[PDB]
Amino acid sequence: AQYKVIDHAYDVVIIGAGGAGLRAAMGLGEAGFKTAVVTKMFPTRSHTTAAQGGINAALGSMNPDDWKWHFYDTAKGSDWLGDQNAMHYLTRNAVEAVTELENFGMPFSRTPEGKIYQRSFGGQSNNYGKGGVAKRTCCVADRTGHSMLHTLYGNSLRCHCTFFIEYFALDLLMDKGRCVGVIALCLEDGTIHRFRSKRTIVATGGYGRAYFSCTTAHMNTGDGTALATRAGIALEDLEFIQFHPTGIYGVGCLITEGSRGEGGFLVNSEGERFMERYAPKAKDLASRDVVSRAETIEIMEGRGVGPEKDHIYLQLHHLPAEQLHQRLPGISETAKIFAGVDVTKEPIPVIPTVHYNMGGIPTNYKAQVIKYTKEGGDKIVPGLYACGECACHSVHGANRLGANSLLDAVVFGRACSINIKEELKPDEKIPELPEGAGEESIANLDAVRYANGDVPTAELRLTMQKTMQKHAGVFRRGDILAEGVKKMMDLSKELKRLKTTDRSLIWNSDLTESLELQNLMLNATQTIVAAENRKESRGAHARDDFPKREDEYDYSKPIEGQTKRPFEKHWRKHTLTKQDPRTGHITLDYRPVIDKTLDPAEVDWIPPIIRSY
């Protein structure tokens, strides 16, 4: 058919209306740029609003705390795949960022002295690891993502950003390696909108829906990563899918790690607190990569709970009625709706669930998207920034910290506007669009929209979800993985036999979901092959066939009197997957993990150690 195109011109455009997105939107807004926000749903419906346990910052409202311990705990949880400057930036500016939120309106739960309340969480500690169990996690009780997001969304109305709601992003606008805008679909009426801008910010969130089961929204299809791949950017660390310890067994709703850091624990079919075994020190407050494998073993070895002996129990019922209600009200109600459970009397049936993506579009500490060559360092991509979960500045290495993603969004969002305000001179005029501007993007829509094949979008997605789950699981092995990479790459073939039905333009659910299957595949393929070729076990990545963590040195011995293993033989490196969308062919490459902090004078880089919780 034929399509109606609408050009706009803005200083900066943000793809995404979540935690990160909205903070970039408001920061640029307040510092006076003409800002367009593009988002496939109403901002409040974004996934951030599902978030629960809270947000880490060393307010030390509960007991004395130093921001540096949080940097410590961050660098650890990241299994030294995290870039210690990014984790530097993140954890310094946390105290401010979270205080802002309090100032913006965000109604955190309160201590008697009347400061922000904090609970304890998955995998944190006072004194550079030695001290105690940390209390850094700030929260609006049970529902912190929600309340955070709302506060941000409200606040963004005070800063004249122009909101393009339910517009679906198709591609970034590339002029010879520069980013000049976005092209999106406007669901409400059929119209196609090219946006020109000096800066784009891709802040589009994760890709859980790639797996048959996850805690994420139906709305997490990694469209942003798709937009990166598609504009010739390689994505990093895709292989590190966070498995959250406690998804409700049947549906996979998330019971927050907060319920643990408040008192609750895991139990096996012998009624044993088996987390005392897998983590003598941290117990049920070990990192999710650990706590999860811990659960997954207990299952494998017959200690599984239930009718089929295949989940475990999170138990909170021992806790006081009052505390359960004031500190975890929103899970009390979702445990009841979905798994018939009264949390004062019975345990919640739980099982690890695909949850978070440390992986994403590469970016330096400044949150500016980057391509990388072996010989010529890492090239900035002009005009492009990316932040929140779709990004990889890698503040998260190989394993995210509980309550650090609401932070990594808020902070690096803020770090987008700050970094643009700084370097966007009011001389550099809005780029013009090139001829042919985003034509092959509408050409895809058209063919996807009239797609006549004999495999319905609904079916392709399912088997990609169902396969990705069996092969790129919690524990992985090379003979299943390479098996997997095969099936997967047959699916990127099946995309040619794609059938759709709804042939309309005004609100096409069938069509957008097909665009999303396209995007999901790119995400999933790259994931699985990077997962396959990494012969080691670090953070969330667990090869049963390469159980060790392979670094330049062996950090188990004293170090003094060892040769550095050369780059190519060890694995302490980010995994870059380049893909051709047309063909679906992936090639790997690797990028060195930045170890320097931001101010060698302000804070001391933390050299790798053995990861025990």
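Start at 1 with the first residue shown and count on from there.
Comparing 204-212 with 482-490, the stretch with the higher mean C-alpha B-factor in the PDB entry is 482-490. Set 515-523 against 417-425 and average the Cα temperature factors; 417-425 ends up higher.
Per the PDB record, residue ranking by Cα B-factor puts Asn103 in the lowest third of the chain. Among the modelled residues of the chain, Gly29 sits in the middle third by CA temperature factor in this PDB entry. Among the modelled residues of its chain, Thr577 has a C-alpha B-factor that falls in the middle third, as given in the PDB entry. When the modelled residues of the chain are ordered by their C-alpha B factor, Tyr167 lands in the lowest third.
Looking at the C-alpha B-factors along this chain, the one for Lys557 belongs to the highest third.
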